[PDB]
Structures are given as structure tokens and as C-alpha cells.
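Shown below, as C-alpha cells, is a lone chain in the form solved without the DNA; questions about how it binds or moves come after it.
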């Protein structure tokens, strides 16, 4: 809920995307191929997010 207390839209969208993807890894057995396929994006894409956020 702290997300709604963030000022900038673009900051709040990253923080959310970081939480969503990290909370996703834990519920998908930290597998990139699996996670990427099941959150609806590519591997090269998910990988380029894992570094830009985590």
C-alpha cells in the first residue's frame, strides 16, 4: 500500500513491477524460462528487467 504514497508515476510503476516480478519468482520456483512464459513476456525481456530492477 506504500506504493500509493510514491510521488512519480514512473517511479511507482517500477517499484510495483519489481514487487510483482520478485513475488512471482518465489511462487514459480525461481525459474526464468517458466516465469517469463507465465507472466506473458519473453526471456530476453524478463532478463533485461531482472537487472534493471533487481
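Numbering follows the first chain given and starts at 1.
Higher mean CA B-factor, judged across 35-43 and 10-18 from the recorded values: 35-43.
In what follows, reference is made to the form deposited with the DNA bound, a form of this protein that is not presented.
Using a 4.5 angstroms heavy atom cutoff to the DNA in the deposited complex, none of 1, 12 and 26 count as contacting. Remark: residue 41 counts among the residues lining the DNA in the deposited complex, judged by a heavy atom distance of 4.5 Å or less.
The DNA in the deposited complex comes within 4.5 Å of no heavy atom belonging to residue 19. Though the partner is left out of this view, residue 7 does not reach within 4.5 Å of the DNA in the deposited complex, counting heavy atoms only. Contacts of stretch 19-54 with the DNA in the deposited complex, defined by any heavy atom lying within 4.5 Å, are made by 32, 40, 41, 42, 44, 45, 47, 48, 49, 51, listed in sequence order.
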